[PDB]
């Protein structure tokens, strides 16, 4: 990795509409903070309802029949996405540093993981631009019938702060591949990197109005998008509680299409026949990755009783050795949490676990004086009824539960209103096949964890969300299917 600029300059901090930069109508700004220091990085235009209104009008205009964007060859949408990826890669080092500054994650990870996954996401979806065929259909009678795969239209996209660049990419990729237009609301904690990418969107040559980004707060800017009478579809990633607000707001306004990707309490199951070294390291990664701030974190580590003690001992050892510090320091494995709000929410869950009888094995406290750093925390002898075993913590807090039989762990892992991910570690062919089929989760990993690819869909069962992102499936929510049924003189096979 190239040595980072530990204080990268900010070039974009305004509202992005029609390929131009605007202050908020109200002229208001809000500060974004460095989670490693607690210091203000800069101010950013505080978009609200009136700003969203302007973004939607611009998106609506670019989606007009006969416009440059509507008329553009599908294959050229691909060229543009590929160009956007090239421009992102050109500026990879700057963006990786900016991502760490605003979010707190280690710079090595921003560079090698986040930025790499963004490039791969955009390059993958570039390929889909001219391949998502409709159908010609053998209907009865003297008719020829077919479907057009058309864009859904103006798409509001509301994204979180845990993976700012990658969440932006996950949203823009499929939306732009299918010819939609976007009004994006980035997280108030991490607006900067997505604003810079907006400039690259312009540089890549996307028509004005095709992508519009409105930085600002949720109940203001986000709520305005979700309630807007001229937004055709909304895609939301965030908390389960705001997912309700979004869905309610859609039904209360114009019945716009909705998809959601929410939180989880994903079970990581370690059978007695698992490779212990690999299972311990993967279980550590499964929980602690990205400061524990992953919707798919394996926050319920089920370990079979015969290997429980050894697993726990090893897990505690690895958690005590996890390096917490300056995310720009290459030795650092764990940066700070994203903000003070999350910081406190995690301290409350830690205290909760102690009160309700969970066994604190290591960590459990504040790791430093400045910023929002928390010690890697491991709870043992966790029971299903416990709050730390039911609710998403979104911090470096690991729960280890013991089980006995394979049919028991099935019932206990499935006993949840969440269903985002799950994992099984075993060497047995039959146990893996039985578990992968039995687990009620959108993604099941066998002998691995947090393996994402732009090709394989991702999304939740139950209250972890609805619909899928990534892969071919990710195009479905961005398609309005039109049936054209034509009277013909004589139908033949």
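Numbering follows the first chain given and starts at 1.
Higher average CA B factor: 298 to 306, of the stretches 298 to 306 and 73 to 81. When the mean C-alpha temperature factors of 273 to 281 and 198 to 206 are read from the deposited coordinates, 273 to 281 comes out higher. In the deposited coordinates, the residue among 153, 371, 222, 335 with the greatest CA B-factor is 371. Per the PDB record, 37 has a higher Cα B-factor than any other of 37, 443, 447, 455. Ranked by C-alpha B-factor against the other modelled residues of its chain, residue 122 falls in the middle third. When the CA B factors of the chain's modelled residues are split into thirds, the value for residue 182 lands in the lowest one.
Residue 479: CA B factor lies in the highest third for its chain, per the PDB record. When the modelled residues of the chain are ordered by their C-alpha B factor, residue 459 lands in the middle third. Ranked by Cα temperature factor within the chain, residue 12 sits in the middle third according to the deposited record.
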